[PDB]
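**Q** Let me give you the structure first, and then I'll get to my questions.
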Amino acid sequence: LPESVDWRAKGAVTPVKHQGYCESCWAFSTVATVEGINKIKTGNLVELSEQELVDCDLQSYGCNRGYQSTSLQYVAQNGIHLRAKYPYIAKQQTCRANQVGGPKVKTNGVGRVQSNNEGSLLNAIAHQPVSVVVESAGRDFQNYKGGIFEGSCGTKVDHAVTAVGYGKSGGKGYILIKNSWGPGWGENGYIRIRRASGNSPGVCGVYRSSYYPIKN
């Protein structure tokens, strides 16, 4: 919708987290999009549990990769608990949802953005935080510590992150993304990746698989 967005400024984004040594980026990004839509709908910003999804999403593989849609679908079906009540342990344990406290923040649906298209992605970010995919394998993404990432990445996505805003700074458009590698990476745990570029799969394949929780 507008020339710029930043959900952190509107108070819809929680602190940058650490996945640690576990392949749970899918769980991290989906929680960030849900904390985002809850605050948007509810006015309440609370941290939710990536651990519950890690142990509880049975379509995904805990600390060995998982899905955007299946974790988003888990919350739509069962709701999700508070982070403080179901602590992150960086290892897949037995599902504690029923023992922890049965459903807390719940959504009712899950949407996937029309793929390979700048316009649709911005329209979705304009409404709330979106779960996006990016190729993080490279050394430039890896040792990134600041500015608008033009790249040196291909499109072989391998990481789910959270698109929290977009804008233009110095002539260039960008997508503001919340990464889960702690505050010691990029711009305090964040990365501005250059946007679009003639190729619709996007920079570092950021236009490939974008999902958002739907709260009716």
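Residues are referred to by chain and number: the chain letter is A, B, ... according to the order shown in the structure tokens, the number counts from 1 in that chain, and ligands are numbered separately from 1 in the order shown.
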As a PyMOL selection string, please: the residues near range 173-175 of chain A (cut-off 6 Å, only C-alpha atoms, same-chain neighbours under 2 positions excluded).

**A** chain A and resi 165-168+192-195

**Q** Enumerate the residues of range 14-212 of chain A with a DSSP assignment of strand (DSSP E), computed from the backbone, and present them as number ranges by chain.

**A** A: 109-112, 130-134, 148-149, 159-169, 172-178, 190-194, 211-212

**Q** Skip residue 46 in chain A itself and residues of its chain fewer than 3 positions away, then list as number ranges by chain all residues within 12 Å of it, counting only C-alpha atoms.

**A** A: 11-15, 31-40, 42-43, 49, 80-85, 104-105

**Q** Do a neighbour search on range 143-147 of chain A at 9 Å with only C-alpha atoms, toss out local chain neighbours closer than 5 positions, and write the hits as a list in words.

**A**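 Residues meeting the cut-off are residues 138, 184, 185, 186, 187, 188, 189, 190, 191, 192 and 193 of chain A.
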
**Q** How would the residues just chosen look if you wrote them out with N, CA and C atoms as a PDB file, in the first residue's frame?

**A**
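And here is the file that came out, result.pdb:
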```pdb
ATOM      1  N   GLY A 138      25.424 -19.057   0.831  1.00  0.00           N
ATOM      2  CA  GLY A 138      26.583 -18.241   0.492  1.00  0.00           C
ATOM      3  C   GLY A 138      27.421 -17.592   1.603  1.00  0.00           C
ATOM      4  N   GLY A 184      23.869 -10.614  16.659  1.00  0.00           N
ATOM      5  CA  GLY A 184      25.220 -10.453  16.209  1.00  0.00           C
ATOM      6  C   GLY A 184      25.432 -10.684  14.725  1.00  0.00           C
ATOM      7  N   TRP A 185      24.359 -10.788  13.946  1.00  0.00           N
ATOM      8  CA  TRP A 185      24.454 -10.969  12.511  1.00  0.00           C
ATOM      9  C   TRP A 185      23.795  -9.725  11.852  1.00  0.00           C
ATOM     10  N   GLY A 186      24.288  -9.312  10.682  1.00  0.00           N
ATOM     11  CA  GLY A 186      23.703  -8.189   9.975  1.00  0.00           C
ATOM     12  C   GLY A 186      23.410  -6.993  10.824  1.00  0.00           C
ATOM     13  N   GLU A 187      22.410  -6.231  10.403  1.00  0.00           N
ATOM     14  CA  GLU A 187      22.008  -5.015  11.122  1.00  0.00           C
ATOM     15  C   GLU A 187      21.227  -5.325  12.394  1.00  0.00           C
ATOM     16  N   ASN A 188      21.913  -5.823  13.442  1.00  0.00           N
ATOM     17  CA  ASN A 188      21.282  -6.215  14.718  1.00  0.00           C
ATOM     18  C   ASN A 188      20.314  -7.402  14.537  1.00  0.00           C
ATOM     19  N   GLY A 189      20.753  -8.397  13.759  1.00  0.00           N
ATOM     20  CA  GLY A 189      19.938  -9.568  13.479  1.00  0.00           C
ATOM     21  C   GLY A 189      19.029  -9.443  12.262  1.00  0.00           C
ATOM     22  N   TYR A 190      18.996  -8.263  11.646  1.00  0.00           N
ATOM     23  CA  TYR A 190      18.186  -7.905  10.470  1.00  0.00           C
ATOM     24  C   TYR A 190      18.999  -7.744   9.138  1.00  0.00           C
ATOM     25  N   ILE A 191      18.305  -7.891   8.003  1.00  0.00           N
ATOM     26  CA  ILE A 191      18.914  -7.715   6.664  1.00  0.00           C
ATOM     27  C   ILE A 191      17.950  -7.034   5.686  1.00  0.00           C
ATOM     28  N   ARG A 192      18.461  -6.044   4.964  1.00  0.00           N
ATOM     29  CA  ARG A 192      17.694  -5.353   3.946  1.00  0.00           C
ATOM     30  C   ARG A 192      18.204  -5.966   2.631  1.00  0.00           C
ATOM     31  N   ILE A 193      17.351  -6.718   1.938  1.00  0.00           N
ATOM     32  CA  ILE A 193      17.788  -7.307   0.698  1.00  0.00           C
ATOM     33  C   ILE A 193      17.207  -6.464  -0.400  1.00  0.00           C
TER      34      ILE A 193
END
```

**Q** Skipping near chain neighbours, those fewer than 5 positions away, what residues fall within 12 Å of residue 119 in chain A using only C-alpha atoms, listed as a list in words?

**A**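 Listing them by chain and then by number gives residues 1, 2, 113, 114, 124, 125, 126, 166, 175, 195, 196, 200, 202 and 207 of chain A.
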
**Q** Write the residues you've just listed into a file as a PDB file, in the first residue's frame, and include N, CA, C and O atoms for each of them.

**A**
```
ATOM      1  N   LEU A   1       0.830  -1.262   0.000  1.00  0.00           N
ATOM      2  CA  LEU A   1       0.000   0.000   0.000  1.00  0.00           C
ATOM      3  C   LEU A   1       0.848   1.289   0.000  1.00  0.00           C
ATOM      4  O   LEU A   1       0.850   1.998  -0.997  1.00  0.00           O
ATOM      5  N   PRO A   2       1.595   1.592   1.094  1.00  0.00           N
ATOM      6  CA  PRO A   2       2.407   2.822   1.088  1.00  0.00           C
ATOM      7  C   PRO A   2       3.866   2.719   0.593  1.00  0.00           C
ATOM      8  O   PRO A   2       4.378   1.634   0.287  1.00  0.00           O
ATOM      9  N   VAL A 113       1.446 -16.265  -0.659  1.00  0.00           N
ATOM     10  CA  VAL A 113       1.532 -15.139  -1.580  1.00  0.00           C
ATOM     11  C   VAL A 113       1.743 -15.669  -3.012  1.00  0.00           C
ATOM     12  O   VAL A 113       2.397 -16.712  -3.181  1.00  0.00           O
ATOM     13  N   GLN A 114       1.187 -14.980  -4.022  1.00  0.00           N
ATOM     14  CA  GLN A 114       1.396 -15.401  -5.419  1.00  0.00           C
ATOM     15  C   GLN A 114       2.892 -15.270  -5.594  1.00  0.00           C
ATOM     16  O   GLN A 114       3.486 -14.230  -5.281  1.00  0.00           O
ATOM     17  N   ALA A 124       1.241  -8.014   0.678  1.00  0.00           N
ATOM     18  CA  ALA A 124       1.100  -8.865   1.865  1.00  0.00           C
ATOM     19  C   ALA A 124       1.905  -8.313   3.073  1.00  0.00           C
ATOM     20  O   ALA A 124       1.499  -8.453   4.231  1.00  0.00           O
ATOM     21  N   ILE A 125       3.051  -7.704   2.812  1.00  0.00           N
ATOM     22  CA  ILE A 125       3.856  -7.183   3.897  1.00  0.00           C
ATOM     23  C   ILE A 125       3.107  -6.006   4.436  1.00  0.00           C
ATOM     24  O   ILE A 125       2.957  -5.863   5.658  1.00  0.00           O
ATOM     25  N   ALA A 126       2.524  -5.230   3.523  1.00  0.00           N
ATOM     26  CA  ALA A 126       1.717  -4.063   3.875  1.00  0.00           C
ATOM     27  C   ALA A 126       0.580  -4.418   4.867  1.00  0.00           C
ATOM     28  O   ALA A 126       0.065  -3.546   5.554  1.00  0.00           O
ATOM     29  N   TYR A 166       9.530  -2.851   4.211  1.00  0.00           N
ATOM     30  CA  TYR A 166      10.153  -2.637   2.913  1.00  0.00           C
ATOM     31  C   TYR A 166      10.227  -1.123   2.807  1.00  0.00           C
ATOM     32  O   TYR A 166       9.659  -0.412   3.645  1.00  0.00           O
ATOM     33  N   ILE A 175      13.571  -5.084   1.007  1.00  0.00           N
ATOM     34  CA  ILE A 175      12.656  -5.866   1.860  1.00  0.00           C
ATOM     35  C   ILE A 175      13.412  -5.968   3.183  1.00  0.00           C
ATOM     36  O   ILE A 175      14.554  -6.390   3.215  1.00  0.00           O
ATOM     37  N   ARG A 195      15.393  -5.335  -3.685  1.00  0.00           N
ATOM     38  CA  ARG A 195      14.178  -5.888  -4.260  1.00  0.00           C
ATOM     39  C   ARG A 195      13.931  -5.982  -5.807  1.00  0.00           C
ATOM     40  O   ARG A 195      14.124  -5.024  -6.567  1.00  0.00           O
ATOM     41  N   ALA A 196      13.392  -7.136  -6.209  1.00  0.00           N
ATOM     42  CA  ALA A 196      12.944  -7.468  -7.563  1.00  0.00           C
ATOM     43  C   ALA A 196      13.996  -7.842  -8.539  1.00  0.00           C
ATOM     44  O   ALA A 196      14.253  -9.057  -8.708  1.00  0.00           O
ATOM     45  N   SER A 200      11.876 -12.202 -11.457  1.00  0.00           N
ATOM     46  CA  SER A 200      10.812 -12.351 -10.488  1.00  0.00           C
ATOM     47  C   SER A 200      11.011 -13.409  -9.393  1.00  0.00           C
ATOM     48  O   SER A 200      10.198 -13.473  -8.488  1.00  0.00           O
ATOM     49  N   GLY A 202      13.199 -13.204  -7.498  1.00  0.00           N
ATOM     50  CA  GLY A 202      13.722 -12.243  -6.526  1.00  0.00           C
ATOM     51  C   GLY A 202      15.190 -12.349  -6.142  1.00  0.00           C
ATOM     52  O   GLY A 202      15.860 -13.328  -6.497  1.00  0.00           O
ATOM     53  N   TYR A 207      11.433 -14.241  -3.568  1.00  0.00           N
ATOM     54  CA  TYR A 207      10.044 -14.208  -4.006  1.00  0.00           C
ATOM     55  C   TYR A 207       9.442 -15.600  -4.174  1.00  0.00           C
ATOM     56  O   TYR A 207       8.273 -15.697  -4.592  1.00  0.00           O
TER      57      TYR A 207
END
```

**Q** When distances are computed from only C-alpha atoms, which of A:201, A:129, A:213, A:62 shows the smallest separation from residue 10 in chain A?

**A** A:129

**Q** Please return, as a PDB file with C-alpha atoms, in the first residue's frame, all residues of range 56-92 of chain A that DSSP assigns to alpha helix (DSSP H) on the basis of the backbone.

**A**
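As written to disk, result_23.pdb reads:
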```
ATOM      1  CA  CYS A  56       4.567 -30.769  17.781  1.00  0.00           C
ATOM      2  CA  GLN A  68       6.090 -23.014   6.287  1.00  0.00           C
ATOM      3  CA  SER A  69       2.549 -24.258   5.476  1.00  0.00           C
ATOM      4  CA  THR A  70       2.468 -27.175   7.991  1.00  0.00           C
ATOM      5  CA  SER A  71       3.637 -25.050  10.942  1.00  0.00           C
ATOM      6  CA  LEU A  72       1.265 -22.300   9.914  1.00  0.00           C
ATOM      7  CA  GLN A  73      -1.429 -24.949   9.667  1.00  0.00           C
ATOM      8  CA  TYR A  74      -0.470 -26.301  13.177  1.00  0.00           C
ATOM      9  CA  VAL A  75      -1.280 -22.869  14.744  1.00  0.00           C
ATOM     10  CA  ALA A  76      -4.491 -22.564  12.656  1.00  0.00           C
ATOM     11  CA  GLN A  77      -5.595 -25.955  14.020  1.00  0.00           C
ATOM     12  CA  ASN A  78      -4.224 -26.036  17.566  1.00  0.00           C
TER      13      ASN A  78
END
```

**Q** What does the distance between CA of residue 60 in chain A and CA of residue 89 in chain A come to in Å, to one decimal place?

**A** 17.0 Å

**Q** What is the CA of residue 139 in chain A-CA of residue 164 in chain A distance in Å, reported with one decimal?

**A**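 CA of residue 164 in chain A lies 23.5 Å from CA of residue 139 in chain A.
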
**Q** Rank nothing, just name the residue among A:215, A:102, A:158, A:204 nearest to residue 140 in chain A, using only C-alpha atoms.

**A**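 Closest residue, counting only C-alpha atoms: A:204.
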
**Q** Find the residues near residue 61 in chain A: any atom within 12 Å, counting only C-alpha atoms, skip ones fewer than 4 places away on the same chain, and give them as a PyMOL selection string.

**A** chain A and resi 22-27+53-57+65-68+70-71+91-93

**Q** Nearest to residue 152 in chain A: which of A:109, A:87, A:205, A:20 is it, counting only C-alpha atoms?

**A**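 Among the listed residues, the smallest separation from residue 152 in chain A belongs to A:205.
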